[PDB]
$ cat structure15.cif   # mmCIF, C-alpha atoms
data_coords
#
loop_
_atom_site.group_PDB
_atom_site.id
_atom_site.type_symbol
_atom_site.label_atom_id
_atom_site.label_comp_id
_atom_site.auth_asym_id
_atom_site.auth_seq_id
_atom_site.Cartn_x
_atom_site.Cartn_y
_atom_site.Cartn_z
ATOM 1 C CA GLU A 1 88.478 141.373 112.911
ATOM 2 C CA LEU A 2 92.078 140.355 113.496
ATOM 3 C CA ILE A 3 92.161 138.812 110.092
ATOM 4 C CA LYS A 4 92.995 141.610 107.704
ATOM 5 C CA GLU A 5 92.077 141.957 104.017
ATOM 6 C CA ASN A 6 95.617 140.795 103.312
ATOM 7 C CA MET A 7 97.419 138.321 105.676
ATOM 8 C CA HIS A 8 100.844 136.691 105.700
ATOM 9 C CA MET A 9 101.556 133.189 106.972
ATOM 10 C CA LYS A 10 104.594 131.329 108.050
ATOM 11 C CA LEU A 11 104.573 127.463 108.258
ATOM 12 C CA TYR A 12 106.584 124.638 109.820
ATOM 13 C CA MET A 13 106.020 121.024 108.777
ATOM 14 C CA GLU A 14 107.636 117.839 109.970
ATOM 15 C CA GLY A 15 106.728 114.383 108.816
ATOM 16 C CA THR A 16 107.705 110.859 107.898
ATOM 17 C CA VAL A 17 106.240 109.132 104.867
ATOM 18 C CA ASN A 18 107.086 105.395 104.475
ATOM 19 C CA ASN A 19 110.070 105.727 106.832
ATOM 20 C CA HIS A 20 111.444 108.830 105.104
ATOM 21 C CA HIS A 21 111.799 111.798 107.438
ATOM 22 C CA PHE A 22 111.646 115.385 106.195
ATOM 23 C CA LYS A 23 110.963 118.944 107.191
ATOM 24 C CA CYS A 24 109.349 121.817 105.274
ATOM 25 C CA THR A 25 108.939 125.463 105.921
ATOM 26 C CA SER A 26 106.977 127.905 103.895
ATOM 27 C CA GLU A 27 105.793 131.470 103.789
ATOM 28 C CA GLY A 28 103.213 133.312 101.816
ATOM 29 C CA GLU A 29 100.100 135.424 101.991
ATOM 30 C CA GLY A 30 96.632 135.798 100.707
ATOM 31 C CA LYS A 31 93.373 137.562 100.802
ATOM 32 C CA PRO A 32 91.263 135.805 103.411
ATOM 33 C CA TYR A 33 87.905 137.220 102.252
ATOM 34 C CA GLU A 34 88.568 136.477 98.562
ATOM 35 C CA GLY A 35 89.538 132.847 99.382
ATOM 36 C CA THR A 36 92.935 133.098 97.662
ATOM 37 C CA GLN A 37 96.459 132.451 98.843
ATOM 38 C CA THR A 38 99.903 131.589 97.646
ATOM 39 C CA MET A 39 102.572 129.534 99.386
ATOM 40 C CA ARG A 40 106.261 129.320 98.712
ATOM 41 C CA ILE A 41 107.585 126.087 100.129
ATOM 42 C CA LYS A 42 111.024 124.659 100.736
ATOM 43 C CA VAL A 43 111.953 121.131 101.727
ATOM 44 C CA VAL A 44 114.670 121.950 104.284
ATOM 45 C CA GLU A 45 115.335 118.403 105.510
ATOM 46 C CA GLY A 46 115.158 115.000 103.847
ATOM 47 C CA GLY A 47 115.168 116.595 100.423
ATOM 48 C CA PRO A 48 114.727 115.677 97.773
ATOM 49 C CA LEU A 49 111.611 113.765 98.760
ATOM 50 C CA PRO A 50 111.515 110.247 97.354
ATOM 51 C CA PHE A 51 107.648 110.516 97.125
ATOM 52 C CA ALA A 52 105.230 112.769 95.305
ATOM 53 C CA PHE A 53 105.100 116.248 96.813
ATOM 54 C CA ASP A 54 101.379 116.242 95.881
ATOM 55 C CA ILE A 55 100.495 114.189 98.982
ATOM 56 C CA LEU A 56 101.626 117.047 101.230
ATOM 57 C CA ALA A 57 99.610 119.642 99.298
ATOM 58 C CA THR A 58 96.540 119.865 101.511
ATOM 59 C CA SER A 59 98.562 119.939 104.715
ATOM 60 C CA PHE A 60 99.950 123.426 104.173
ATOM 61 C CA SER A 61 95.208 126.963 105.294
ATOM 62 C CA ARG A 62 91.615 127.335 106.513
ATOM 63 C CA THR A 63 91.638 131.089 107.251
ATOM 64 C CA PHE A 64 91.580 131.843 103.538
ATOM 65 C CA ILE A 65 88.112 130.580 102.611
ATOM 66 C CA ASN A 66 85.711 133.088 100.986
ATOM 67 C CA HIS A 67 82.456 132.721 102.785
ATOM 68 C CA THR A 68 79.541 133.555 100.478
ATOM 69 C CA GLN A 69 76.003 134.142 101.465
ATOM 70 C CA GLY A 70 76.821 134.776 105.029
ATOM 71 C CA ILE A 71 77.859 131.298 106.101
ATOM 72 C CA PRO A 72 79.531 131.798 109.474
ATOM 73 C CA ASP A 73 83.299 131.514 109.090
ATOM 74 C CA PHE A 74 84.288 128.860 111.624
ATOM 75 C CA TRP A 75 87.928 129.620 111.153
ATOM 76 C CA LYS A 76 87.955 133.424 111.083
ATOM 77 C CA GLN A 77 85.788 133.454 114.254
ATOM 78 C CA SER A 78 88.363 131.353 116.133
ATOM 79 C CA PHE A 79 90.877 134.186 116.402
ATOM 80 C CA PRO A 80 92.784 135.327 118.314
ATOM 81 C CA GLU A 81 93.055 131.858 119.893
ATOM 82 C CA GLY A 82 93.070 130.179 116.487
ATOM 83 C CA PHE A 83 92.303 126.567 115.726
ATOM 84 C CA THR A 84 93.548 123.086 114.960
ATOM 85 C CA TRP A 85 92.715 120.368 112.552
ATOM 86 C CA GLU A 86 93.377 116.627 112.248
ATOM 87 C CA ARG A 87 92.891 114.617 109.145
ATOM 88 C CA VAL A 88 93.205 111.117 107.888
ATOM 89 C CA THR A 89 93.589 110.797 104.180
ATOM 90 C CA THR A 90 93.128 107.300 102.703
ATOM 91 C CA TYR A 91 94.363 106.543 99.168
ATOM 92 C CA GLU A 92 92.465 103.848 97.291
ATOM 93 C CA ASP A 93 95.712 101.919 96.883
ATOM 94 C CA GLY A 94 96.419 101.602 100.598
ATOM 95 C CA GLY A 95 98.513 104.699 101.400
ATOM 96 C CA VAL A 96 97.344 106.310 104.656
ATOM 97 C CA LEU A 97 98.348 109.807 105.733
ATOM 98 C CA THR A 98 97.443 111.336 109.066
ATOM 99 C CA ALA A 99 98.136 115.081 109.686
ATOM 100 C CA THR A 100 97.731 117.515 112.535
ATOM 101 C CA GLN A 101 97.845 121.225 112.274
ATOM 102 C CA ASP A 102 97.930 124.018 114.750
ATOM 103 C CA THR A 103 97.004 127.520 113.572
ATOM 104 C CA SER A 104 97.860 130.630 115.506
ATOM 105 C CA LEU A 105 98.137 134.347 115.081
ATOM 106 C CA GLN A 106 101.182 136.065 116.543
ATOM 107 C CA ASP A 107 102.109 139.654 115.924
ATOM 108 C CA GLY A 108 99.646 139.688 113.026
ATOM 109 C CA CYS A 109 101.296 136.827 111.121
ATOM 110 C CA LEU A 110 99.423 133.556 110.603
ATOM 111 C CA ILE A 111 101.588 130.727 111.918
ATOM 112 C CA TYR A 112 101.092 127.069 110.962
ATOM 113 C CA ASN A 113 102.599 124.045 112.650
ATOM 114 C CA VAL A 114 102.139 120.691 110.957
ATOM 115 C CA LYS A 115 103.067 117.162 111.896
ATOM 116 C CA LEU A 116 102.294 114.221 109.744
ATOM 117 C CA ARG A 117 102.740 110.514 109.141
ATOM 118 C CA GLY A 118 102.382 108.595 105.995
ATOM 119 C CA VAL A 119 102.499 104.823 105.881
ATOM 120 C CA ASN A 120 101.662 101.985 103.558
ATOM 121 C CA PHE A 121 102.139 103.776 100.289
ATOM 122 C CA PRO A 122 102.824 101.041 97.717
ATOM 123 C CA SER A 123 106.483 100.951 96.688
ATOM 124 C CA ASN A 124 105.538 100.713 93.103
ATOM 125 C CA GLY A 125 102.501 103.018 93.262
ATOM 126 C CA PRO A 126 102.433 106.488 91.695
ATOM 127 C CA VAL A 127 103.047 108.283 94.983
ATOM 128 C CA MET A 128 106.311 106.548 95.831
ATOM 129 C CA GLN A 129 107.290 106.540 92.201
ATOM 130 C CA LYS A 130 106.477 110.290 91.811
ATOM 131 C CA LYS A 131 104.259 109.802 88.752
ATOM 132 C CA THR A 132 101.666 112.329 89.874
ATOM 133 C CA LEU A 133 100.625 115.622 88.265
ATOM 134 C CA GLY A 134 98.621 117.664 90.744
ATOM 135 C CA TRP A 135 95.096 117.630 92.164
ATOM 136 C CA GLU A 136 91.726 118.051 90.409
ATOM 137 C CA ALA A 137 89.370 120.625 91.863
ATOM 138 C CA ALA A 138 87.400 119.237 94.738
ATOM 139 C CA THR A 139 84.456 119.796 96.990
ATOM 140 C CA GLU A 140 84.534 119.172 100.682
ATOM 141 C CA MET A 141 81.358 118.625 102.753
ATOM 142 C CA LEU A 142 81.354 120.227 106.191
ATOM 143 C CA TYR A 143 79.049 119.813 109.188
ATOM 144 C CA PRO A 144 78.956 120.471 112.918
ATOM 145 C CA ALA A 145 80.070 117.468 114.956
ATOM 146 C CA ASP A 146 81.579 116.652 118.291
ATOM 147 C CA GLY A 147 84.508 118.916 118.845
ATOM 148 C CA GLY A 148 83.617 121.453 116.166
ATOM 149 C CA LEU A 149 83.265 120.772 112.456
ATOM 150 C CA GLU A 150 84.065 117.717 110.399
ATOM 151 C CA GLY A 151 84.893 117.768 106.695
ATOM 152 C CA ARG A 152 84.571 114.853 104.263
ATOM 153 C CA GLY A 153 85.437 114.607 100.597
ATOM 154 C CA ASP A 154 87.324 112.792 97.881
ATOM 155 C CA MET A 155 90.199 114.221 95.907
ATOM 156 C CA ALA A 156 91.431 113.061 92.560
ATOM 157 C CA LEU A 157 95.166 113.022 92.088
ATOM 158 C CA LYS A 158 96.257 113.260 88.425
ATOM 159 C CA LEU A 159 98.533 110.578 86.991
ATOM 160 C CA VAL A 160 101.026 110.869 84.184
ATOM 161 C CA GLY A 161 99.495 109.329 81.105
ATOM 162 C CA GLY A 162 96.163 110.245 82.508
ATOM 163 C CA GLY A 163 94.209 108.385 85.099
ATOM 164 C CA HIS A 164 93.714 109.373 88.650
ATOM 165 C CA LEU A 165 94.310 107.918 92.007
ATOM 166 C CA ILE A 166 91.490 108.722 94.436
ATOM 167 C CA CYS A 167 91.805 109.369 98.144
ATOM 168 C CA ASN A 168 89.288 110.176 100.834
ATOM 169 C CA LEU A 169 89.711 112.880 103.447
ATOM 170 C CA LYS A 170 88.254 112.959 106.890
ATOM 171 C CA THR A 171 88.932 116.052 108.924
ATOM 172 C CA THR A 172 88.071 117.358 112.369
ATOM 173 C CA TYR A 173 88.417 121.133 112.835
ATOM 174 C CA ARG A 174 88.486 122.462 116.408
ATOM 175 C CA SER A 175 88.351 125.981 117.758
ATOM 176 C CA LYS A 176 90.933 126.675 120.380
ATOM 177 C CA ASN A 177 88.630 128.772 122.477
ATOM 178 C CA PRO A 178 85.958 126.110 123.203
ATOM 179 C CA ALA A 179 84.207 128.462 125.658
ATOM 180 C CA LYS A 180 83.767 131.042 122.872
ATOM 181 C CA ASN A 181 80.107 131.144 121.818
ATOM 182 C CA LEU A 182 80.088 130.297 118.121
ATOM 183 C CA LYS A 183 77.493 130.818 115.533
ATOM 184 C CA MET A 184 77.674 127.368 114.077
ATOM 185 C CA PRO A 185 76.730 126.800 110.432
ATOM 186 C CA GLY A 186 74.456 124.025 109.209
ATOM 187 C CA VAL A 187 75.649 121.508 106.677
ATOM 188 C CA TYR A 188 77.654 123.088 103.842
ATOM 189 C CA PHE A 189 80.400 122.952 101.223
ATOM 190 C CA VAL A 190 83.803 124.292 100.381
ATOM 191 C CA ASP A 191 84.880 124.210 96.774
ATOM 192 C CA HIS A 192 88.697 124.053 96.487
ATOM 193 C CA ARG A 193 91.023 124.430 93.587
ATOM 194 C CA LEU A 194 94.602 123.801 94.523
ATOM 195 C CA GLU A 195 97.301 124.274 91.886
ATOM 196 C CA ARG A 196 101.110 124.064 91.671
ATOM 197 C CA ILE A 197 102.327 127.285 90.153
ATOM 198 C CA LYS A 198 106.034 126.448 90.168
ATOM 199 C CA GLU A 199 108.671 124.032 91.426
ATOM 200 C CA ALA A 200 112.447 123.597 91.521
ATOM 201 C CA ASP A 201 115.313 121.265 92.446
ATOM 202 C CA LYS A 202 113.337 118.020 92.420
ATOM 203 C CA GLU A 203 110.232 119.512 94.037
ATOM 204 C CA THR A 204 112.437 120.788 96.819
ATOM 205 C CA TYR A 205 111.009 124.261 96.195
ATOM 206 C CA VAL A 206 107.311 124.504 95.401
ATOM 207 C CA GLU A 207 104.962 127.328 94.741
ATOM 208 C CA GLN A 208 101.374 126.358 95.427
ATOM 209 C CA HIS A 209 98.200 128.424 95.132
ATOM 210 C CA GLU A 210 94.667 127.938 96.303
ATOM 211 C CA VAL A 211 91.176 129.329 95.809
ATOM 212 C CA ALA A 212 88.486 128.194 98.242
ATOM 213 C CA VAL A 213 84.843 129.229 98.466
ATOM 214 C CA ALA A 214 82.149 128.305 100.974
ATOM 215 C CA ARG A 215 78.566 127.804 99.818
ATOM 216 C CA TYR A 216 75.196 126.156 100.583
ATOM 217 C CA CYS A 217 73.764 123.647 98.206
ATOM 218 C CA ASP A 218 72.162 125.891 95.648
ATOM 219 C CA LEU A 219 69.304 123.596 94.610
ATOM 220 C CA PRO A 220 65.600 123.760 95.395
ATOM 221 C CA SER A 221 64.412 121.674 98.269
ATOM 222 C CA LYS A 222 60.947 120.283 97.682
ATOM 223 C CA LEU A 223 60.808 119.988 101.474
#

$ encode --input "structure15.cif" --output "structure tokens"
Amino acid sequence: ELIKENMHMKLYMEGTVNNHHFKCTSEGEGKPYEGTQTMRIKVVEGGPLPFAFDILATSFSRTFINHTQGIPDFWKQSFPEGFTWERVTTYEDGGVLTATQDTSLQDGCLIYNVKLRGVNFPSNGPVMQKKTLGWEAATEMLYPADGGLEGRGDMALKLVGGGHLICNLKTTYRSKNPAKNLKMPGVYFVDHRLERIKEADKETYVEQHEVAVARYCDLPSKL
């Protein structure tokens, strides 16, 4: 209702990965009911990053998920209070990245605040050595649990020369107005495709774009 067919977003991000501190800001906009959005991102502190930008990718936008087939939109329903999420992402080579996000709506702009911490990335692994080429498409599984909804899913990070490094994502999404009576969904899925459209100055400017669609499992249930 407060989320209009086209919405702009502003974002602030602070983190430390493997003792390196940085800050990012970004702005962009999208079409919340299409499930599309574009972000223009600048590393404004600690640039250039001595680690692959790719690991920050998923920490810049849950409002912009096309809900098909009438799945209740956990995130769009949380306005005007908005929502938060917290994630732990675990790379199969030991890197661990925790991230917290607050999402709000002020004067019709979507505003994101992110804090994150990355530790234990191997010094000679592809993340610290920046040998990564973007994310494969991915599906996330979502389901009602404790505070709100949890998401689970793996993502494949592309490696130069081919190969992938896998990580696993565990997310808790919380509505800020807990009192608000939600229509909660059952168990479902969000298909995500997140792509880097452009970059500059050693990944110190990055244009990222994402399509995300919510769906049930479209298979017969002999039960």

$ residues_around --input "structure15.cif" --residues "residue 87 (chain A)" --least-positions-apart "2" --cutoff "7 Å" --atoms "all atoms listed in the file" --output "number ranges by chain"
A: 85, 89, 98-100, 169-172

$ resolve_selection --input "structure15.cif" --expression "the PyMOL selection byres ((chain A and resi 213) around 7)" --output "list in words"
residues 35, 65, 66, 67, 190, 191, 192, 211, 212, 214 and 215 of chain A

$ resolve_selection --input "structure15.cif" --expression "the PyMOL selection byres ((chain A and resi 25) around 7)" --output "ChimeraX atom specification"
/A:11-13,23-24,26,41-44

$ closest_residue --input "structure15.cif" --among "A:187, A:110, A:145, A:127" --to "residue 54 (chain A)" --atoms "all atoms listed in the file"
A:127

$ closest_residue --input "structure15.cif" --among "A:32, A:126, A:46, A:82" --to "residue 4 (chain A)" --atoms "all atoms listed in the file"
A:32

$ residues_near_point --input "structure15.cif" --point "(92.1, 109.4, 84.9)" --cutoff "12 Å" --atoms "all atoms listed in the file" --output "number ranges by chain"
A: 132-133, 135-136, 156-166

$ write_last_selection --input "structure15.cif" --atoms "C-alpha atoms" --output "PDB file, in the coordinates of the input"
ATOM      1  CA  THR A 132     101.666 112.329  89.874  1.00  0.00           C
ATOM      2  CA  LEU A 133     100.625 115.622  88.265  1.00  0.00           C
ATOM      3  CA  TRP A 135      95.096 117.630  92.164  1.00  0.00           C
ATOM      4  CA  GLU A 136      91.726 118.051  90.409  1.00  0.00           C
ATOM      5  CA  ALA A 156      91.431 113.061  92.560  1.00  0.00           C
ATOM      6  CA  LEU A 157      95.166 113.022  92.088  1.00  0.00           C
ATOM      7  CA  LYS A 158      96.257 113.260  88.425  1.00  0.00           C
ATOM      8  CA  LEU A 159      98.533 110.578  86.991  1.00  0.00           C
ATOM      9  CA  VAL A 160     101.026 110.869  84.184  1.00  0.00           C
ATOM     10  CA  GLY A 161      99.495 109.329  81.105  1.00  0.00           C
ATOM     11  CA  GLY A 162      96.163 110.245  82.508  1.00  0.00           C
ATOM     12  CA  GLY A 163      94.209 108.385  85.099  1.00  0.00           C
ATOM     13  CA  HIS A 164      93.714 109.373  88.650  1.00  0.00           C
ATOM     14  CA  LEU A 165      94.310 107.918  92.007  1.00  0.00           C
ATOM     15  CA  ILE A 166      91.490 108.722  94.436  1.00  0.00           C
TER      16      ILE A 166
END

$ resolve_selection --input "structure15.cif" --expression "the PyMOL selection byres ((chain A and resi 144) around 10)" --output "NGL selection string"
:A and (142-143 or 145-151 or 172-173 or 184-188)

$ closest_residue --input "structure15.cif" --among "A:92, A:201, A:34, A:195" --to "residue 47 (chain A)" --atoms "only C-alpha atoms"
A:201

$ atom_distance --input "structure15.cif" --atom1 "CA of residue 45 (chain A)" --atom2 "CA of residue 174 (chain A)"
29.3 Å

$ atom_distance --input "structure15.cif" --atom1 "CA of residue 116 (chain A)" --atom2 "CA of residue 72 (chain A)"
28.8 Å

$ atom_distance --input "structure15.cif" --atom1 "CA of residue 117 (chain A)" --atom2 "CA of residue 102 (chain A)"
15.4 Å

$ axis_aligned_box --input "structure15.cif" --around "region 208-216 of chain A" --padding-each-side "8 Å" --output "JSON"
{"center_x": 88.3, "center_y": 127.7, "center_z": 98.1, "size_x": 42.2, "size_y": 19.2, "size_z": 21.8}

$ closest_residue --input "structure15.cif" --among "A:36, A:68, A:18, A:204" --to "residue 216 (chain A)" --atoms "only C-alpha atoms"
A:68

$ residues_around --input "structure15.cif" --residues "residue 17 (chain A)" --least-positions-apart "2" --cutoff "9 Å" --atoms "only C-alpha atoms" --output "PyMOL selection string"
chain A and resi 15+19-22+51+97+116-121

$ closest_residue --input "structure15.cif" --among "A:175, A:131, A:217, A:208" --to "residue 71 (chain A)" --atoms "all atoms listed in the file"
A:217

$ closest_residue --input "structure15.cif" --among "A:106, A:76, A:205, A:134" --to "residue 1 (chain A)" --atoms "all atoms listed in the file"
A:76
